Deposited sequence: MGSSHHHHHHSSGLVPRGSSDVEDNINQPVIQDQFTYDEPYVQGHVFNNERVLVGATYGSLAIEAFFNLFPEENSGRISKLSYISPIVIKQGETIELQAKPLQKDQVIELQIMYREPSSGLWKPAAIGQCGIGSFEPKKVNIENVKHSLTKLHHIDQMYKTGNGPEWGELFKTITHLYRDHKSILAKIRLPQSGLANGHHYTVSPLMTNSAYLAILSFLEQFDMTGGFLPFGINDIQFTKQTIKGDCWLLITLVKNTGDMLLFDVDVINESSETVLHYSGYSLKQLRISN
């Protein structure tokens, strides 16, 4: 079969919508979504799986007039290499590396109203400059160790697990960190584990995000995505910011 692949062009809203240090930099959220596609391509007849040890190697900058190709190539654990074609040289270069594996998805029950009651609702929900595509968050409730976000998920990027889901988790994390005196930014570094299914999560859902590790100037979070019926539909663990 053809390899899993996508292409991103300078002028499209997904690329226009994330600017960092004056460049259009492909959002790191892209990579976990490509890794999940590569899993389902390798294991049709699995309804759920895992990504492990997903690490972001190199940011991808897209310059005016450019179109960057990405491919997600599996390798013998199953290692995934997400490569991009550097328009300079025409060489493939690694953007991200991880692993994927079979694994069941066992949903967890979460009373959102319960969780909400103990947190403080935030108002005025408005480095990186964000385009409107990525502005998915409708509500936030926060305390010193967690944040609970309600999000709304909505051009020919078709993914089973939207990069907008993973990116919403990053934006909620930044909102969590806003409470602290950390002058200077962060940047997503990778995700230790993702547990996912083939059932596409669309529409309204909640992210419950907990700070689990702070050492080595790395901050790692667990993230549970919950539907409007009190059960979890996607798990991230060790979502890492530098």
Handout entry: Deposited sequence positions missing from the model - stretches, numbered from 1, in order
Key = 1 to 27, 104 to 106, 157 to 163, 192 to 196, 285 to 290
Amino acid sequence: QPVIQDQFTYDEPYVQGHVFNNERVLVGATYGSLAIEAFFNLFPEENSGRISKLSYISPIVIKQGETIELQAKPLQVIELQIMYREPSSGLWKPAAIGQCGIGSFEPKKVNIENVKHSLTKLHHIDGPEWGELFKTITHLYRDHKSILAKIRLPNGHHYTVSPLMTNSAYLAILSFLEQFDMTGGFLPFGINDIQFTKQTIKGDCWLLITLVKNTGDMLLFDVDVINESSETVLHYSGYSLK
From here on, numbers count along this sequence of modelled residues.
Fill in the blank from the handout: Once average C-alpha B-factors are taken from the entry for 13 to 21 and 217 to 225, the winner is 13 to 21
Completion exercise
Entry B factor averaged over C-alpha atoms, 39 to 47 against 55 to 63: higher for 39 to 47
Problem - Of the residues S168, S146, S162, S88, the one carrying the largest Cα B-factor as recorded - result: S88
Problem - Residue with maximal Cα B-factor (values as given in the PDB entry) among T30, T183, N192, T210 - result: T183
Exercise for the section: Name the third of the chain's ranked CA B-factors that contains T197, choosing lowest, middle or highest. Expected result: middle
Fill in the blank from the handout: By the entry's values, the third containing the CA B factor of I112 is the highest
Handout entry: Chain third (lowest, middle, highest) by recorded CA B-factor, residue given as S118
Key = highest
Practice task
Would you mind checking where the Cα B-factor of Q76 ranks among the modelled residues of its chain, as the lowest, middle or highest third?
Solution key: highest
Problem - Within-chain third of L187 by Cα B-factor, per the entry - result: highest
